[PDB]
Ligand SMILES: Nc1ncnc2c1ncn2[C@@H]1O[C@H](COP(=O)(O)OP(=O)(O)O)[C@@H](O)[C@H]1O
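As a starting point, one isolated chain is supplied in structure tokens, in the form solved without the named molecule.
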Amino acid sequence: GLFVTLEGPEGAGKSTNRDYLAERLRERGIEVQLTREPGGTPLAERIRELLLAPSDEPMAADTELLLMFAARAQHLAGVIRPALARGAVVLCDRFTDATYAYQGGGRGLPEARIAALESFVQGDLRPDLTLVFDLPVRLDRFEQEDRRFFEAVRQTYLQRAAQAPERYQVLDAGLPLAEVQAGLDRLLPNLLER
């Protein structure tokens, strides 16, 4: 199978582009499983609910990081690994790069602490390809965040893509839809090969 993750803020056309990619693969007779993080299983979605619900009690940054990984551990065992084992293409909306971006960049948690959790929870599993939807910068907890938080998120994704170029493709989400999809179209041949 192939593990593809999609990263980027809301409003960047990630969902419609994920559907587009799913259709181009399914039309070629490839099995595709769509999923998202945090979430993807009943327990993981209950965890997503705690992470998104605003509350008068502030959530510690360490709590936010640990809940993101707890949901990841469940989703990996329940959905992602089984899907990859069937030979499916998994198209996952957000994954550990979001942890580096939101919790590392956004919240200030050390990169090494995130890396240690990534290694614990995932073993050697990493996405085969990560599509970064780059976009210049009742509300849920992340929606409530300010411009600075989101600029840190944006730049973190870009830094990560630059560190491991072989695994990422940065798309300019500010461009028209048709333009972004043509980029996906051009990306398809390598995918069908990978």
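Whichever C-alpha set is largest while still superposing within 1.5 Å between the two forms counts as the rigid core. Residue indices: 1-based, along the sequence shown.
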Of the two stretches 38-46 and 52-60, CA positions deviate more in 6 other deposited structures of this protein after rigid core alignment for 52-60
Between 127-135 and 141-149, the one drifting more in C-alpha RMS in 6 other deposited structures of this protein once the core is aligned is 141-149
ask   = Does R186 have no coordinates in at least a third of the other PDB entries examined?
value = no
Is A22 a gap in at least one third of the other compared entries? no
Looking at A162 and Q163, the deposited sequence has unmodelled residues in between totalling none
With B-factors read from the PDB entry, the higher C-alpha mean of 16-24 and 176-184 is in 176-184
Going by the entry, of stretches 162-170 and 59-67 the one with greater average Cα B-factor is 162-170
From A44, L139, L51, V32, the top C-alpha temperature factor is at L139
Of the three thirds of Cα B-factor ranks in this chain, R126 occupies the middle
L2: CA temperature factor from the record, placed by chain third, in the middle
By the entry's values, the third containing the CA B factor of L135 is the highest
Of the three thirds of Cα B-factor ranks in this chain, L109 occupies the middle
Of the three thirds of Cα B-factor ranks in this chain, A85 occupies the highest
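What comes next is about the form solved in complex with the named molecule, which does not appear here.
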In this shown form the pocket that the named molecule occupies in the entry with it bound, once superposed onto the local C-alphas and checked for 3 or more atoms within 2.4 Å of backbone or C-beta atoms, is blocked
Contact with the named molecule in the entry with it bound, heavy atom within 4.5 Å, among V170, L184, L175, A22 goes to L175
Restricting to 1-20, the residues within 4.5 Å of the named molecule in the entry with it bound through any heavy atom are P9, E10, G11, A12, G13, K14, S15, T16
